[PDB]
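Asks: Before anything else, here's the structure in question.
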Amino acid sequence: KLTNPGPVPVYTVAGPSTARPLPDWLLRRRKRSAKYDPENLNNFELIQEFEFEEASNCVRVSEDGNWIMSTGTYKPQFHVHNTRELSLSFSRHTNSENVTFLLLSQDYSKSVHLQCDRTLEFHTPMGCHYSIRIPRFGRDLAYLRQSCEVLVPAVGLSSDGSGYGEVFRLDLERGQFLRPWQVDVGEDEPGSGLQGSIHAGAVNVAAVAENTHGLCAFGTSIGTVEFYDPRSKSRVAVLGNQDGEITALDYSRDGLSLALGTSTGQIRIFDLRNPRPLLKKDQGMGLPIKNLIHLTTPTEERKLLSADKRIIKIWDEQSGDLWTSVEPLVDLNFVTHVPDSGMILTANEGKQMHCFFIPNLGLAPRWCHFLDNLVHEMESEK
Amino acid sequence: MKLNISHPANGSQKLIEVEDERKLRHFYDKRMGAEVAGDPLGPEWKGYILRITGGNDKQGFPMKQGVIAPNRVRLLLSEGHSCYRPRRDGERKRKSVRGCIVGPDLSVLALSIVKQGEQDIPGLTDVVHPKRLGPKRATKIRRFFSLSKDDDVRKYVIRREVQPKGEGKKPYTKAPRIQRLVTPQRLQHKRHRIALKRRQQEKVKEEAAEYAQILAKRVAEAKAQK
Amino acid sequence: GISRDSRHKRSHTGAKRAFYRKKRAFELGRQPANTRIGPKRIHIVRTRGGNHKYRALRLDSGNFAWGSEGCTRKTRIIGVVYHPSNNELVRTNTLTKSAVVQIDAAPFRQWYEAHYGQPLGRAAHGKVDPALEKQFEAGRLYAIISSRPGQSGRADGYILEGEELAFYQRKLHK
Amino acid sequence: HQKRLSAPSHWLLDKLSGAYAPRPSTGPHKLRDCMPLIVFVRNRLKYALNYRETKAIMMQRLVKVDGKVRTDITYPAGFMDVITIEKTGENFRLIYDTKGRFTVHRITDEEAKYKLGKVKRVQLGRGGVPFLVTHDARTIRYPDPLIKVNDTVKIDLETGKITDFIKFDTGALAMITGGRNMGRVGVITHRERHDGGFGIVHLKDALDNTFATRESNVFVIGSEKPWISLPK
Amino acid sequence: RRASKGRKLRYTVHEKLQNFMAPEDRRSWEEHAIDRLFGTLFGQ
Amino acid sequence: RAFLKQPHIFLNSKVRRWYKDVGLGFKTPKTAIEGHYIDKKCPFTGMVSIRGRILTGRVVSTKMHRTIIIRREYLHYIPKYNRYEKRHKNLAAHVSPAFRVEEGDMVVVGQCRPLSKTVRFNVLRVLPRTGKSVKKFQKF
Amino acid sequence: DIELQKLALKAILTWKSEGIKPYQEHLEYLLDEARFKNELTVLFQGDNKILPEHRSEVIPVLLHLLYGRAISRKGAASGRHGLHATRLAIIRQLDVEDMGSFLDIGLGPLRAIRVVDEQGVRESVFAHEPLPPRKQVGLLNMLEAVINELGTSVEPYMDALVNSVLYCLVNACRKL
RNA sequence: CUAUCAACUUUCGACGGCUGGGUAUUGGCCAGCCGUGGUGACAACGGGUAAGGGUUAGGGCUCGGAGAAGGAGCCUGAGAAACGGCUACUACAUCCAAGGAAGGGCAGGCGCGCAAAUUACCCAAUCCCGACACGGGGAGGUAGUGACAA
RNA sequence: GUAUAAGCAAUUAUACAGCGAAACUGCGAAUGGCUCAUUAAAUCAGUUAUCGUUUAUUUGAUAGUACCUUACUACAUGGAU
């Protein structure tokens, strides 16, 4: 566990130390053969077996906050950790490298994931209910909860009817594929296969509010955000012609402001009624941004940015200034905060899935109590 | 909370009964491996500092280094970890252990004296305990004794004396069979090895030459037929 | 879940048979490996007979053969440009067999100017196809991957040249 | 652990060797074409009685097969492998008969010094050197350049050197080692190619009986020249 | 047909996929504000 | 699609075409020799080799991409009738673009490594006749 | 000697400098004997190339380390792939001004030698040896690799190269 | 054996070819791309469940799917998806100082209140497994009962 | 292969020597067998092929690979249990 910046310190309590680590086999040979002397005090991990040995894809934390589900790539699996028991509860293999997973229950008792071989897989504790193939390739996943329906965006343009583009939406009380919502993606080559072209033709991100009204927002590769209203099942708005692909999409706690982002690396915080951007920030380099979420240090509101330059930037919302910047030293593919405060679980490319602790953002969560005493010890040592 | 006090340099150890959690209070919320002074413990313990290395709480559970849960927790131990030995090969077993956080619910604390003080613990630092066995391999004996090239580990090895049975016979010595000691039989082993190498290559050279002249012979006969 | 047996498919005459047995160990087929660009990540898999095969998951460099002149060099890999199997693979920047990808040209240009002498990309035996010269002036060549990155643990292949080169330029423009 | 009846019927066991029968170990000769050393000692030669007796005899260096001491009990010794026993100083060789059964022959040292082995195949080994595969699973490096497939070689058995060779020839006498006409010593008179698999030879005896055996089962012994002492 | 392997949406009910989750209606707004906002989007 | 190629012949050199004979008394056709067509399952162009059984037959459905269907007729002895009965068998074989396919001809095929679930044979020598449709019956 | 190399590089990193500061991981990975080729090809033609600003501050220590790894006899196997491919790799990935400073490091005593004067021969030079022949063999193989990888960029380095190789050739033929 | 089974497949791709992935390897085995099939009155397809070969005078002789409380995943090893282990869920059951801990099969007797063949001995021979002449073997033989007969 | 058992049993040139518990290391347990909804040329049997693959153990042969700027050197190899 280290401390990267001066003013607002970040703490990488768990995570890889090196950018290019060797084979674990050679590391074990060296450790059991030669003489070593490691920093035994501050070197540890907080959750046993928090790795995958090849890479990682996605982390989420349950609504109850007792279950951490995390997928990894080789022998493509997902581990589930009982965070009260601070260890690996189980580890289940699959047939291909997971793209995106969403939990359903407040515990881990039901999960689903869009999976690289064009599949939706449904996991119980008892096992794995039979997967459903979707016709066209997937990009992300969302779940209408007030009316149970999982919906995936897809790349390419539809088969017949129109040439708009599709978000496959199937209900769970009904079971069938209801209907792909018609979302225009852009013009394609007429001489092409059914799985689109290599340059464009993609819907990327879906995001839905679960406590406010819930406008189903979709983001398309020509930089175009659309809005569908549930209980109407039709298009409401089209806005935001941007230069980058729309890859960022999340609502606020009130249910009014949206924050979307362009793969040049430019975030725009919009209102749902004022088409002028409420806030604009171009940041980092040309590497495409990946994820963004609102969060409140319980007095003040702030915003996450995650992009694969090893850059995560916590911005302010009421001012726009940069609060904190963190360089995760390796690639990273997903970010999540614990719902309590202060800890950011980050899925990466490296072996060890790494989490950050901001003391100025919040306290240590209800299952690692001594992490505050550990930051305490770091301020003792420095 | 009894304390298993161990002096690793002198090689001695002693359990110490400890009442007065008011005296013990400085140990609380300290991770395994943290350095703590023994001056708060007792007036005899002036100038000492000691590290902690684990212990067992009530209901007898071990304390594994590297776990932050202060309560009892439930890990999954693989082969090469502490507090578990594998029943069979390749086994991963889920066991419950106590985290590194020294709480009030412990029963024994493993403590190790790292720097002494001016006073002496009576049963702890006064008593010396030797190492059980001396070094066996030749190079480690050489590093232990700082011998020169001509200084004969065969006569500088450790010896141990015992008495046998037979109603008090002569005392009897024992010597540890120095391993990495070069002998003429080792020399002849290596020499016979390289002799085997050169004999084999000599054989293949001879047979290759004879096959060369036999192929010249058979090609000459086939062309004389032609 | 994944297997290679043919019990579940239909008969040659178009019939369905129960043929209910259990998946044994010799019809095992392992999960695929999306070999992507990054630092070197290779997982070792022991297979029947105790053979080792190296599933390469993240690769940066491989070697490529400019064997027309008789050289080959270990260069980096920028990113895939076209793939005959899947446009999703072209999107997700995956390296498989027969995958055309732009590679760095600097060791090749170094070897060229060292051997023949004339600068390239800035006598009568040192001659270049003009399309290859344009690739050198841009500094990012078109090569193909022909080594199996999944079952060999290395990205190696030959540079593109001539008819295949122009064919793949036309395919990229398609 | 097959039964005595299911054991091959050409290494003989009487009606009292129990319901079981040993299986040969892994070695040069094939499973069906083997005579194990315990069955050679205590069932055919009867130089011992019991499994433990044969264990003791084979444990002391007393039975030598093909010039090398053999330790284990069930070492396979299928076909034309000389068996030198020094305490009796005898050498035994395994041939077949007209019916197709193992027949043991007694030989002294002069004819016991060499072996006659059929060539399985020939290739180039590592380093670019031709090597030669017998049916005894013996590999001879650097052979005579005329020795093709289905040749026969007289082997020194002391240095393993290629002492002589015999050529596959129509007009030569042979011995059969397989097929329904197994073990019928006679002369090769005809070869039929049948390119596409399973070439045939037509082999008659010395006394006017024609039959068709396949080249794989054919084992060349000599044109007239019976280089091994066949039993009279 | 060119489409067997899931390529067309077979609108067929699934036995195990029948009754997974009950709808829990979690919306903090009284729906009049929300559909009045859907009326008063950018367009009005 | 990608560019098709013979596996290890160097094309773009600034300084050939490989085709092997199967043997068995066969002759490679001239379209296989010089015709620039390329396919991996052709025994004269690809790396597929022919060994084992050699069979004949008559094509029935040539309307397929380089694979024919062969009706194999023979006489089945049933003991209850003590009579011979006609039985047709439906094979398949990978057809090379070297030869001129004719429907109803007499084609010799050869056993190869399994190229598909049904395709186990390669065509070697067609013999052109005037074979008719399904209504024709003959042992071949 | 690789242990002395590790201690020396630790000392140079003790010289806390902003020039060496962004490259210490590349230095230790070049030095670790199981990461040499991969660390080389991530150093050169990677995203984190040597910045030309403090290139004059980082190149000397990097080049002395490259000479150490190209001179090492411990970890090398046999054959051309044993240490010859390593030297060829280093010289192929090097640059020409870097090559000039490197050959300055490579020619120890023979950096400032003069083989020809205003007169023809310098017998006072040739009847005195500053180098053992083992080091001469190493120098000469090194320089053959340098020339073979250099090509036409030899022009600013002739007045040293020809002096070196001619001194070696004439001392050899005098030893004949 | 059957047309009270004449249409079947494309409802897990059905037949190709090309491209790759994975497999020890070939292969629609799987992922993209496009083509149109493939089977059938010479009996497809379905239905019924009643699931032999070789050794030739003869009879004899020899040989012949799914699971280890239940799904699901993983591990070693040349050879297993071992049920040997683990991991989570479910269904049981046991100990306790109530904080906690380990665990799942076969054989025998009764199965009316009235009934009837051993809870036997040894690896002695044949055979098998090991660092190995010596250790270990639930195949194998030896023994006991019988008026059911003969 | 690893013995300093604080294990026995001894002397006629003293690192060790004979026997040798425990322990580390290597091998072994792809069956001997039990239960029950069955498998209707797919298994199975003949008949081929592997130029489409794997193989511990078996026996046979088998591997020429130095120097190559450490030199004002190094020359009885390390650490763990």
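Following the order of the structure tokens, chains are lettered A, B, ..., residues in each are numbered from 1, and ligands are numbered from 1.
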Just want the 10 Å neighbourhood of stretch 149-166 of chain G, counted on only C-alpha atoms (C1' of nucleotides), with same-chain residues fewer than 3 positions away dropped. Output as a PyMOL selection string.
Replies: (chain C and resi 110-119) or (chain G and resi 88-97+99-100+103-104+107+110-116+136+139-140+143-146+169-172)
Asks: Could you please take those selected residues and save N, CA and C atoms as a CSV table (one decimal), in the first residue's frame?
Replies:
chain,number,residue,atom,x,y,z
C,110,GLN,N,16.3,-0.2,-41.1
C,110,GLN,CA,17.7,-0.2,-40.6
C,110,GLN,C,18.5,-1.2,-41.4
C,111,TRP,N,17.9,-2.4,-41.6
C,111,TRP,CA,18.6,-3.5,-42.2
C,111,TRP,C,18.8,-3.2,-43.7
C,112,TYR,N,17.9,-2.5,-44.3
C,112,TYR,CA,17.9,-2.2,-45.7
C,112,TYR,C,19.0,-1.2,-46.0
C,113,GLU,N,19.0,0.0,-45.2
C,113,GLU,CA,20.0,1.0,-45.4
C,113,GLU,C,21.4,0.5,-45.0
C,114,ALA,N,21.5,-0.5,-44.1
C,114,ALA,CA,22.8,-1.0,-43.8
C,114,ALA,C,23.3,-1.9,-44.9
C,115,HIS,N,22.4,-2.8,-45.5
C,115,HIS,CA,22.9,-3.7,-46.4
C,115,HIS,C,23.2,-3.1,-47.8
C,116,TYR,N,22.2,-2.4,-48.3
C,116,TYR,CA,22.4,-2.0,-49.7
C,116,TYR,C,23.0,-0.6,-49.8
C,117,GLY,N,22.6,0.3,-48.9
C,117,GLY,CA,23.2,1.6,-48.7
C,117,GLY,C,22.3,2.8,-48.9
C,118,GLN,N,21.5,2.7,-49.9
C,118,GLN,CA,20.6,3.8,-50.3
C,118,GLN,C,19.6,4.1,-49.2
C,119,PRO,N,19.2,5.3,-48.9
C,119,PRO,CA,18.1,5.6,-48.0
C,119,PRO,C,16.8,5.2,-48.6
G,88,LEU,N,24.4,-8.4,-31.9
G,88,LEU,CA,23.7,-8.0,-33.1
G,88,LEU,C,22.4,-7.2,-32.8
G,89,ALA,N,21.7,-7.7,-31.8
G,89,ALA,CA,20.5,-7.0,-31.4
G,89,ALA,C,20.7,-5.7,-30.8
G,90,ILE,N,21.7,-5.5,-29.9
G,90,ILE,CA,22.0,-4.3,-29.3
G,90,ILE,C,22.5,-3.3,-30.4
G,91,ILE,N,23.3,-3.7,-31.3
G,91,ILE,CA,23.9,-2.7,-32.3
G,91,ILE,C,22.8,-2.4,-33.3
G,92,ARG,N,21.9,-3.3,-33.6
G,92,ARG,CA,20.8,-3.0,-34.5
G,92,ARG,C,19.8,-2.1,-33.9
G,93,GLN,N,19.6,-2.2,-32.6
G,93,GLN,CA,18.6,-1.2,-32.0
G,93,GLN,C,19.3,0.1,-31.6
G,94,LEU,N,20.6,0.2,-31.7
G,94,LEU,CA,21.2,1.4,-31.3
G,94,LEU,C,21.1,2.5,-32.4
G,95,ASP,N,21.5,3.7,-32.0
G,95,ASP,CA,21.6,4.9,-32.9
G,95,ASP,C,23.0,5.3,-33.1
G,96,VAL,N,23.2,6.1,-34.1
G,96,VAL,CA,24.6,6.4,-34.6
G,96,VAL,C,25.4,7.3,-33.7
G,97,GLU,N,24.8,8.4,-33.2
G,97,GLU,CA,25.5,9.2,-32.2
G,97,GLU,C,25.7,8.4,-30.9
G,99,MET,N,25.9,5.3,-31.1
G,99,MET,CA,27.0,4.4,-31.5
G,99,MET,C,28.4,5.0,-31.3
G,100,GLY,N,28.5,6.3,-31.6
G,100,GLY,CA,29.8,6.9,-31.4
G,100,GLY,C,30.2,7.0,-30.0
G,103,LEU,N,31.1,3.3,-29.0
G,103,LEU,CA,32.5,2.9,-29.5
G,103,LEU,C,33.5,3.6,-28.7
G,104,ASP,N,33.3,4.8,-28.3
G,104,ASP,CA,34.2,5.5,-27.3
G,104,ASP,C,34.3,4.6,-26.0
G,107,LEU,N,36.3,1.1,-27.2
G,107,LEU,CA,37.8,1.2,-27.4
G,107,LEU,C,38.3,1.9,-26.2
G,110,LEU,N,42.5,2.3,-27.1
G,110,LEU,CA,42.7,2.5,-28.5
G,110,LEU,C,41.8,3.6,-29.1
G,111,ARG,N,41.2,4.4,-28.2
G,111,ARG,CA,40.3,5.5,-28.7
G,111,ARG,C,41.2,6.6,-29.4
G,112,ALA,N,42.2,7.1,-28.7
G,112,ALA,CA,43.2,8.0,-29.2
G,112,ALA,C,44.4,7.3,-29.6
G,113,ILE,N,44.4,6.6,-30.7
G,113,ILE,CA,45.5,6.0,-31.3
G,113,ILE,C,45.7,6.6,-32.7
G,114,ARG,N,46.9,6.6,-33.2
G,114,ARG,CA,47.2,7.1,-34.6
G,114,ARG,C,48.0,6.0,-35.3
G,115,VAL,N,47.5,5.4,-36.3
G,115,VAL,CA,48.2,4.3,-37.0
G,115,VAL,C,49.1,4.9,-38.1
G,116,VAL,N,48.8,6.0,-38.7
G,116,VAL,CA,49.5,6.6,-39.8
G,116,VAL,C,49.8,8.1,-39.4
G,136,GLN,N,41.4,-7.9,-27.7
G,136,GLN,CA,41.4,-7.5,-29.1
G,136,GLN,C,40.4,-8.3,-29.9
G,139,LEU,N,37.0,-6.8,-29.0
G,139,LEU,CA,36.9,-5.6,-29.7
G,139,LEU,C,36.6,-5.7,-31.2
G,140,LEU,N,37.3,-6.7,-31.8
G,140,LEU,CA,37.2,-6.8,-33.3
G,140,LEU,C,35.9,-7.5,-33.7
G,143,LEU,N,33.4,-4.7,-33.4
G,143,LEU,CA,33.4,-3.7,-34.4
G,143,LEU,C,32.9,-4.3,-35.7
G,144,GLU,N,33.1,-5.6,-36.0
G,144,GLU,CA,32.6,-6.2,-37.2
G,144,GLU,C,31.0,-6.2,-37.1
G,145,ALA,N,30.5,-6.4,-35.9
G,145,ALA,CA,29.0,-6.3,-35.7
G,145,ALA,C,28.6,-4.9,-35.9
G,146,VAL,N,29.4,-3.9,-35.4
G,146,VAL,CA,29.0,-2.5,-35.5
G,146,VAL,C,29.0,-2.1,-37.0
G,169,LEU,N,45.2,-5.6,-37.3
G,169,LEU,CA,45.6,-6.4,-38.4
G,169,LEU,C,47.2,-6.4,-38.5
G,170,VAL,N,47.8,-5.2,-38.3
G,170,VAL,CA,49.2,-5.2,-38.5
G,170,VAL,C,50.0,-5.8,-37.3
G,171,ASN,N,49.4,-5.7,-36.1
G,171,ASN,CA,50.0,-6.5,-35.0
G,171,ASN,C,49.8,-8.0,-35.2
G,172,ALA,N,48.7,-8.4,-35.8
G,172,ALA,CA,48.5,-9.8,-36.1
G,172,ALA,C,49.5,-10.3,-37.1
Asks: Any idea what's packed within 12 Å of residue C:32, counting only C-alpha atoms (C1' of nucleotides), ignoring anything in its chain fewer than 2 positions away? Could you give it as a PDB file with C-alpha atoms (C1' of nucleotides), in the first residue's frame?
Replies:
ATOM      1  CA  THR A  73     -10.263 -13.840 -18.701  1.00  0.00           C
ATOM      2  CA  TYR A  74      -8.232 -17.057 -18.786  1.00  0.00           C
ATOM      3  CA  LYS A  75     -10.131 -20.201 -18.102  1.00  0.00           C
ATOM      4  CA  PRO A  76     -12.727 -17.464 -18.415  1.00  0.00           C
ATOM      5  CA  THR A  94     -17.560 -20.414 -18.565  1.00  0.00           C
ATOM      6  CA  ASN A  95     -16.951 -20.947 -22.278  1.00  0.00           C
ATOM      7  CA  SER A  96     -15.668 -17.521 -23.375  1.00  0.00           C
ATOM      8  CA  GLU A  97     -14.263 -14.238 -22.080  1.00  0.00           C
ATOM      9  CA  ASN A  98     -17.021 -12.263 -20.342  1.00  0.00           C
ATOM     10  CA  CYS A 116     -18.305 -12.780 -26.057  1.00  0.00           C
ATOM     11  CA  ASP A 117     -19.806 -15.639 -28.067  1.00  0.00           C
TER      12      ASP A 117
ATOM     13  CA  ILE C   2     -17.452 -27.064 -24.358  1.00  0.00           C
ATOM     14  CA  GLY C  29     -11.717 -28.557 -26.482  1.00  0.00           C
ATOM     15  CA  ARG C  30     -10.578 -25.658 -24.341  1.00  0.00           C
ATOM     16  CA  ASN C  34      -8.805 -13.458 -27.585  1.00  0.00           C
ATOM     17  CA  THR C  35      -5.161 -12.577 -28.120  1.00  0.00           C
ATOM     18  CA  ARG C  55      -1.899 -19.780 -24.918  1.00  0.00           C
ATOM     19  CA  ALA C  56      -0.885 -16.187 -25.632  1.00  0.00           C
ATOM     20  CA  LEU C  57      -3.465 -13.735 -24.328  1.00  0.00           C
ATOM     21  CA  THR C  94      -7.359  -9.410 -31.739  1.00  0.00           C
ATOM     22  CA  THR C  96      -5.111 -14.657 -34.847  1.00  0.00           C
ATOM     23  CA  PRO C 149      -0.930 -17.118 -31.408  1.00  0.00           C
ATOM     24  CA  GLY C 150      -3.198 -19.343 -29.384  1.00  0.00           C
ATOM     25  CA  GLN C 151      -1.397 -22.642 -29.837  1.00  0.00           C
TER      26      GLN C 151
ATOM     27  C1'   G H  20      -9.962 -18.635 -38.470  1.00  0.00           C
ATOM     28  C1'   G H  21     -10.518 -20.716 -32.777  1.00  0.00           C
ATOM     29  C1'   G H  22      -9.990 -24.699 -29.892  1.00  0.00           C
ATOM     30  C1'   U H  23      -8.473 -29.921 -29.885  1.00  0.00           C
ATOM     31  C1'   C H  30     -17.447 -24.232 -33.074  1.00  0.00           C
ATOM     32  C1'   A H  31     -17.436 -18.369 -34.674  1.00  0.00           C
TER      33        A H  31
END
Asks: Could you produce a table of the residues of chain F lying within 12 Å of chain D, with the nearest pair of atoms per residue and their separation in Å rounded to one decimal, using only C-alpha atoms, ordered by chain and increasing residue number, as JSON lines?
Replies:
{"residue": "F:22", "atom": "CA", "partner": "D:196", "partner_atom": "CA", "distance": 11.3}
{"residue": "F:23", "atom": "CA", "partner": "D:195", "partner_atom": "CA", "distance": 9.6}
{"residue": "F:24", "atom": "CA", "partner": "D:195", "partner_atom": "CA", "distance": 6.8}
{"residue": "F:25", "atom": "CA", "partner": "D:195", "partner_atom": "CA", "distance": 9.1}
{"residue": "F:50", "atom": "CA", "partner": "D:196", "partner_atom": "CA", "distance": 10.1}
{"residue": "F:51", "atom": "CA", "partner": "D:196", "partner_atom": "CA", "distance": 7.3}
{"residue": "F:52", "atom": "CA", "partner": "D:196", "partner_atom": "CA", "distance": 6.8}
{"residue": "F:53", "atom": "CA", "partner": "D:196", "partner_atom": "CA", "distance": 8.2}
{"residue": "F:54", "atom": "CA", "partner": "D:196", "partner_atom": "CA", "distance": 8.8}
{"residue": "F:110", "atom": "CA", "partner": "D:196", "partner_atom": "CA", "distance": 10.9}
{"residue": "F:111", "atom": "CA", "partner": "D:196", "partner_atom": "CA", "distance": 11.2}
Asks: At a cut-off of 12 Å, can you tabulate as JSON lines every residue of chain A near chain G together with its closest atom pair and the distance in Å to one decimal, using only C-alpha atoms and ordering rows by chain then number?
Replies:
{"residue": "A:17", "atom": "CA", "partner": "G:25", "partner_atom": "CA", "distance": 11.3}
{"residue": "A:18", "atom": "CA", "partner": "G:25", "partner_atom": "CA", "distance": 8.7}
{"residue": "A:19", "atom": "CA", "partner": "G:25", "partner_atom": "CA", "distance": 8.9}
{"residue": "A:20", "atom": "CA", "partner": "G:29", "partner_atom": "CA", "distance": 9.0}
{"residue": "A:21", "atom": "CA", "partner": "G:35", "partner_atom": "CA", "distance": 9.8}
{"residue": "A:22", "atom": "CA", "partner": "G:35", "partner_atom": "CA", "distance": 8.2}
{"residue": "A:23", "atom": "CA", "partner": "G:34", "partner_atom": "CA", "distance": 10.5}
{"residue": "A:26", "atom": "CA", "partner": "G:34", "partner_atom": "CA", "distance": 9.3}
{"residue": "A:27", "atom": "CA", "partner": "G:34", "partner_atom": "CA", "distance": 10.9}
{"residue": "A:30", "atom": "CA", "partner": "G:34", "partner_atom": "CA", "distance": 11.1}
{"residue": "A:309", "atom": "CA", "partner": "G:47", "partner_atom": "CA", "distance": 11.6}
{"residue": "A:329", "atom": "CA", "partner": "G:25", "partner_atom": "CA", "distance": 11.8}
Asks: For the atom pair atom CA of residue D:139 and atom CA of residue D:183, what is the interatomic distance in Å to one decimal place?
Replies: 26.3 Å
Asks: DSSP says alpha helix (DSSP H) for which residues of stretch 107-189 of chain D? Put them as an NGL selection string?
Replies: :D and (109-112)
Asks: I'd like a table as CSV: residues in chain H with an atom no more than 10 Å from chain D, each row giving the shortest atom pair and its distance in Å to one decimal, only C-alpha atoms (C1' of nucleotides) counted, sorted by chain and rising residue number.
Replies:
residue,atom,partner,partner_atom,distance
H:61,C1',D:5,CA,7.9
H:62,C1',D:6,CA,6.3
H:63,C1',D:6,CA,9.2
H:125,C1',D:50,CA,8.2
H:126,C1',D:18,CA,4.8
H:127,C1',D:20,CA,6.1
H:128,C1',D:1,CA,7.7
H:133,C1',D:56,CA,5.9
H:139,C1',D:1,CA,9.8
H:140,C1',D:19,CA,9.0
